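Below you will find one chain, with nothing else, as structure tokens; this is the form deposited in one PDB entry, and questions on how it binds or moves follow later.
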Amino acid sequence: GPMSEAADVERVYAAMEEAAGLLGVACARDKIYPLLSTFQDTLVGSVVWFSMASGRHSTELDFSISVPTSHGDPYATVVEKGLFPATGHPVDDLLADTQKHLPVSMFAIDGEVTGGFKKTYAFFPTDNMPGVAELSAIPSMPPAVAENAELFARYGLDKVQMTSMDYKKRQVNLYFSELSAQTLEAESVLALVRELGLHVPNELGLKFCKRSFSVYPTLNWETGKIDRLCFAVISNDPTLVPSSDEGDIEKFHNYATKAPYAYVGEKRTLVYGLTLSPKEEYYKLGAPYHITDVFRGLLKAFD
């Protein structure tokens, strides 16, 4: 009934507050709830995903929520609903431009619990992933994508599994998948990082990157220079944070084992990130709250 479905939104929000509390973070209800209501119809085949990002000097909590393509472009929805002001910049058009040029299998919206909406995702079918050539066939894609196609191809980064768009920072992430083990070999990783002028991982980091199922750079429309790069590892293990700092080791194992999960039996699947930027490295841990059987098979495929 109607009360149930509004209670669902309230339940996602209590799970978001529960997850934030594990980091000492305070959610801003007035910034989150309107976004959840606007998309309440999807919440009651919903994928809801709480991802932590922590480094030395910063720690943040994002929430992500799937939106079927049949629902229409969800960034257009949030602009029409007045939930985010259209930056007046090509990133406004990029999610719709992608659907217009490529088979998108699903969208997702993404917020940060203190500022609200900031980010959308565009997923592609696993049996029909595009490469760098198709992705720069999209007019509102940044020039940087084509300008780095030599580099991507030289490192064997071809098939892209999804993209994401950050409207606050005006950036894009290309989530490369189907990585050859040679790309993830330590010497390959070190060359790539040093060509992009980013923080060099140590031996721990490199053993992490060897485990990656996806690699993703961040690009922008101002320059062809990749802003940062992330190596993503998928695993059931709550201990894989590529850090030797006992605080980190504790923080991430705590989140991994305590983040809310709508399921009573399953050992939840985790997605770790090692992000290298020009000035630092930091670590990400995403944890599903509600998942679909489809998304379960998706995460199964990655192992």
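Numbers for residues come from their place in the sequence shown, where the first is 1.
In this entry, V44 and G45 are separated by 1 to 3 residues of the deposited sequence that lack coordinates.
Between 240-248 and 62-70, the higher mean Cα B-factor belongs to 240-248. The deposited model assigns a higher average Cα B-factor to 179-187 than to the other stretch when 179-187 and 211-219 are compared. Taking only the listed residues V172, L204, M106, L94, the entry reports the highest CA temperature factor at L204. Of all the options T98, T77, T126, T120, the entry's greatest CA B-factor is assigned to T126.
In the PDB entry, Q161 places in the middle third of its chain by CA B-factor. The entry lists a Cα temperature factor for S136 that places it in the highest third of the chain's modelled residues. In the PDB entry, a CA B factor belonging to the middle third of its chain's modelled residues is recorded for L276. When the modelled residues of the chain are ordered by C-alpha B-factor, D110 sits in the lowest third. Annotation for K225: C-alpha temperature factor in the highest third relative to the rest of the modelled chain, per the entry.
Quick note: we don't show the form deposited with a small molecule bound, though the next part is all about it.
Contact annotation: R56 falls within 4.5 Å of the small molecule in the deposited bound form, judged by heavy atom distances. The closest heavy atom approach of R11 to the small molecule in the deposited bound form falls outside 4.5 Å. Under a 4.5 angstroms non-hydrogen atom cutoff, the small molecule in the deposited bound form lacks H199 among its neighbouring residues. Taking the partner from elsewhere, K81 is found to have every heavy atom lying beyond 4.5 Å of the small molecule in the deposited bound form. The putative spot formed by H89, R170 and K225 is not touched by the small molecule in the deposited bound form; no residue has a non-hydrogen atom within 4.5 angstroms of it.
Listed stretches are 242-250, 257-265, 48-56, 24-32; the contact stretch with the small molecule in the deposited bound form is 48-56, by a heavy atom cutoff of 4.5 Å.
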